[PDB]
Every structure is written in structure tokens, then in C-alpha cells.
Amino acid sequence: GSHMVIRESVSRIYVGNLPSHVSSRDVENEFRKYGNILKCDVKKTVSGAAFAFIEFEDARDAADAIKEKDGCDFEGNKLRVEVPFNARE
């Protein structure tokens, strides 16, 4: 499933609680292979958990990276990777 367009939104991906934490330089180069980045920002909370925010035009190609880091885990296994696109509708 891949249809529909939108020219008034900002499409971004949420990746947090992750081992090592992908820094902005590596998410620009290795995550730009998988889809087309317009910005990549590091936002971090007071609980010691780090997040990276990844602004992509296409989810369906970036889906290789997102499944390859998939397995979001909480409460003693640390590993959150999630699309708010759901492969794009």
C-alpha cells in the first residue's frame, strides 16, 4: 500500500532509548542512503534517554533501516525505533 500526497506537513521518524545513540553526522550519511532527509535533529530528555528526530520525504524506501533497527523495547531491554507514518498510507 502506497498512495496519497500532502504539501502542508512535516514528515518525521522517532528513534529513542537506542544502544550507542546514532549522532547527527551518522544519521545524515547512513540514514540519507535509506530515504531523503530534509533535517535530522537530536532532542534529549532529563531521564537519560536520548532521541533522534528524522525528517523524511519517503517512508517506503527508508523501511529497510526502520525494520533493521525494529524491535522497540522498554523496561530492561533498551531499543525504541518507530515510524509515525506506518509505511505511509
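Check the entry above for the structure.
Residues numbered from 1 in each chain as written, not as in the entry; some residues may be left out. Heavy atoms only, no water.

Participant: Quick question: what am I supposed to make of the overall build of the protein chain here?
Facilitator: Looking only at helices and strands, one finds two helices and four strands in the protein chain. For the protein chain, whose C-alpha radius of gyration is 13 Å, the value lies close to the compact-globule estimate of 12 Å for 89 residues. Seen through its C-alpha atoms, the protein chain measures out along the principal axes to roughly 40 × 25 × 25 Å. Burial statistics for the protein chain: of 89 residues in total, 28% are counted as buried. Within the protein chain, contacts between residues separated by at least 24 positions form 65% of all contacts whose residues are at least 6 apart in sequence. When the accessible area of the protein chain is evaluated, it comes to approximately 6600 Å², of which 46% is carbon and sulfur surface. Between the centroid of the 14 positive side chains of the protein chain and the centroid of its 16 negative side chains there is a distance of 2 Å. (Helix = DSSP H or I, 4+ residues; strand = E, 2+ residues; numbered from the N terminus. Rg over C-alpha atoms; globule rule 2.2 N^0.38 Å. Buried < 20%, exposed > 50% of the residue type's maximum accessible area, 1.4 Å probe, protein only. Contact = heavy atoms within 4.5 Å. Areas by Shrake-Rupley, 256 points an atom, 1.4 Å probe, with all protein chains shown as cover. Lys, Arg positive; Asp, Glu negative; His and termini not counted. Charge placed at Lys NZ, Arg CZ, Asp CG, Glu CD.)

Participant: Looking at this structure, how should I read the layout of surface pockets?
Facilitator: Rolled over the atoms, a probe sized like a water molecule indicates the empty space that remains. Counted as a void, the largest pocket has a volume near 480 Å³. Lining the largest pocket are 16 residues, with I6, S11, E57, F85 and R88 positioned closest to its centre. Among the residues making up the lining of the largest pocket, the classes are represented as eight nonpolar, three polar and five charged. (1 Å grid on protein atoms, 1.4 Å probe; cavity = no way out; pocket = protein on both sides within 12 Å on 5 of 7 lines; lining within 4 Å. Points joined across faces, edges and corners; volume = space filled by probe spheres on them. Nonpolar A, V, L, I, M, F, W, Y, C, P; charged D, E, K, R; others polar.)

Participant: For this particular structure, what's the right way to read helix α2 (residues 59–68)?
Facilitator: Because an α-helix packs 3.6 residues into every turn, residues spaced three or four apart end up facing the same way. All of the buried residues in α2 are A59, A62, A65 and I66. Along the axis of α2, the buried positions cluster into a sector of 100°, meaning they face one direction only. Packing partners of the buried residues in α2 comprise β1 (12–16), α1 (24–34), β3 (50–56) and β4 (80–82). (Arc of directions from axis to C-beta.)

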